[PDB]
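Some notes on the structure that comes next.
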Amino acid sequence: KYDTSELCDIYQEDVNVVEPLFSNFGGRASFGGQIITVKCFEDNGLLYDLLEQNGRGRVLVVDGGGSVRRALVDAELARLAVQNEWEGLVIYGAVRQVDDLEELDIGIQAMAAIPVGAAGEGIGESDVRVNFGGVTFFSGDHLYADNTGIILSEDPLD
Amino acid sequence: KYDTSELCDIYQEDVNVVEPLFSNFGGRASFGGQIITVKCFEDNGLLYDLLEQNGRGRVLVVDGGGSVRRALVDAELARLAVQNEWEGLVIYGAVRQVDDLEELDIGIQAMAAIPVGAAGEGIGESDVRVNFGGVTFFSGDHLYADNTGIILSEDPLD
Amino acid sequence: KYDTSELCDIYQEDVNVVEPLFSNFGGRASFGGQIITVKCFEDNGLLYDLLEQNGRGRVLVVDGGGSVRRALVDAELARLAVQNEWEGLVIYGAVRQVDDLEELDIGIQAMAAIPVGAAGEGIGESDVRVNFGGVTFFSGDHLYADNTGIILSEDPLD
């Protein structure tokens, strides 16, 4: 599907490149789409609400504060996302149950693994501006990620 | 054989969690058991003594000081430990011959790999109070490890 | 083809050990040969000159200044390296297109992956004393590498 390196060559300055802090935890090597942003901390309630919805062509970008203390995505949440056809997830924080994740048809990029699950309370905000890995992400931007890296573009690419 | 995240979800607070500093190098993705502790540094003497003994039902939890300059476990020592029925090893230190270690039916968690072997002089204690990764380990505690993380408790679980 | 642990046991002090800074990106788990050093920075033009020449029995040792912002080697450059029989590349810097790199019959050790390509200007020097990861490299020196680590020696180790 997507080659981030080839797309950097083609699009040059028209993309930003996230710092190399992520690893792929999902069964899908590359993914792309238009992004919905979320900002939260050690609480995934809001991603539950968002992952219920259809996600075909969308990528969920999550600012979790870079917490590696508690996990934002586990098997339950990722199955939801696969079943609603979400292209992929970018988690500035942690994931859980990694053996189940490497088996699901979704990209998942994250910082680390930790077995403790996040709170479920529903705290946080969506469609807001977030910043991590030296990149600010606006809901509506286009992201592309593979095992090489993650890039962000205002306008779609191809 | 173990899903550390499920475990965190049932036991809640009754479980302690190790900082995400370790990776799996053994052929067993997940293992658990009652722990015997060792404290040593860039010497694997004691370990030979322990792993010569039958380890069925036990996990060797080794505070090697976090050294990544010398490897405490290689193929030979790991094979010994397989043959002696040891469930798994956890090294706050380094291993060696990782290609060989992947093929061996024992759990192995370490911080890093390094081709230089530990000395064999014998120095170190065992059954002593050790601490690393944000966790205190006591001989007779129970540990549970998968590709997601490492948990430790006083009583057995499940 | 090579076991670095083993060679440290046989040769001890006659070998220098590189710090655990690198990962494997190539199809070969292990490799070795006589090194030709390069010193450059976010530019890979010289790498193209060098890898056009026959590399059987040889390892390109690249001091790219540890930059993880620009990738010195990509699929295209590594395929040229395979075509001219090079044993391996050790990059003190980044690589690109990691999925393609895993399938090419050559050894590649590097620090990280970044999607952005290096400049092709050609700046840099060849066959010069370079230092990184606690080791100094001279053309003529011999390198042996695997998933456990990387070592350097003055004379061949067969």
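Quick one: work out the % antiparallel among DSSP beta bridges in the protein assembly as shown, nearest 5.
Taking every DSSP beta bridge with both residues in the protein assembly as shown, the antiparallel ones total about 45 percent.
Arrange the following residues from fewest to most other Cβ atoms within 10 Å of their Cβ: C:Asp74, B:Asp99, B:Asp105. Walk me through the intermediate numbers first.
On the way: C:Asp74 22, B:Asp99 16, B:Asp105 10.
The fewest-first ordering by Cβ neighbours comes to B:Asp105, B:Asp99, C:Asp74.
In nm to one decimal, list the spacings between the A:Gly66 label point and its equivalents in the other copies, with label points set 7 Å along Cα to Cβ, shortest first.
For A:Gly66, the other copies' label points sit at 1.8, 1.9 nm, shortest first.
Highest first, please rank the peptides C:51-63, A:79-91 by the mean number of other Cβ atoms sitting within 10 Å of their residues.
Those peptides, ordered most packed to least, come out A:79-91, C:51-63.
For B:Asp9, place a label point 7 Å out from Cα along the Cα→Cβ vector, do the same in each other copy, and report the separations in nm, one decimal, smallest first.
4.4, 4.4
How far apart, in nm, are the 7 Å Cα→Cβ label points at A:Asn84 and A:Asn54?
1.3 nm
Take the alpha carbon gyration tensor of the protein assembly as shown, find the square roots of its eigenvalues, order them as a ≥ b ≥ c, and report rounded if a/c is under 1.5; if not, report prolate when a/b exceeds b/c, else oblate.
Oblate, because a/c is 1.5 or more while a/b does not exceed b/c.
Taking the Cα-to-Cβ direction at C:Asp14 and at A:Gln34 and moving 7 Å from each Cα, how far apart do the two end points lie in nm?
So the two model labels end up 6.6 nm from each other.
Using the Karplus curve 6.51 cos²θ - 1.76 cosθ + 1.60 with θ = phi - 60°, work out ³J(HN,Hα) for each residue of the range C:33-43 in order, rounded to whole Hz, and write x for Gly and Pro.
x, 8, 8, 10, 8, 9, 10, 7, 7, 6, 9
With a cut-off of 8 Å between alpha carbons and a minimum separation of six or more residues, what is the relative contact order of chain A in percent? Walk me through the intermediate numbers first.
Values: 423 pairs, mean separation 55.9, N = 158.
Relative CO of chain A lands at 35 percent.
7 Å along Cα→Cβ for the label point: how many nanometres lie between B:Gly45 and each equivalent label in the other copies, listed shortest first?
5.8, 5.9
Mean residue ellipticity at 222 nm from the helices of the protein assembly as shown, using -39,500 (n - 2.57) per DSSP H segment of n ≥ 4 over the full residue count, to the nearest 500 deg cm²/dmol?
Calculated at 222 nm, the ellipticity per residue is -4500 deg cm²/dmol.
Can you tell me how the range A:18-124 classifies by the Cα gyration tensor, rounded, prolate or oblate, using a/c under 1.5 as the rounded cut?
It comes out rounded by the Cα gyration axes.
How would you classify the range C:65-134 from its alpha-carbon gyration tensor, with a ≥ b ≥ c the square roots of the eigenvalues: rounded for a/c under 1.5, else prolate if a/b is greater than b/c, otherwise oblate?
On the way: a/c = 1.44, a/b = 1.23, b/c = 1.17.
Rounded, since a/c falls under 1.5.
How far, in whole Å, is the nearest Cβ of chain A from the axis relating it by rotation to chain C, and which residue carries it?
A:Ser23, 7
Please arrange B:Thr148, C:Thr37 by how many other C-beta atoms lie within 10 Å of their C-beta, fewest to most.
Arranged by neighbour count, lowest to highest, B:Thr148, C:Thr37 become C:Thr37, B:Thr148.
I'd like the antiparallel share, as a percent to the nearest 5, of DSSP beta bridges with both residues in chain A.
Antiparallel bridges: around 45 percent, rounded to the nearest 5.
All Cβ positions, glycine included, derive from the backbone under ideal geometry; neighbour counts span all protein chains shown. Values in this text are rule-based calculations from the coordinates and carry no lab data.
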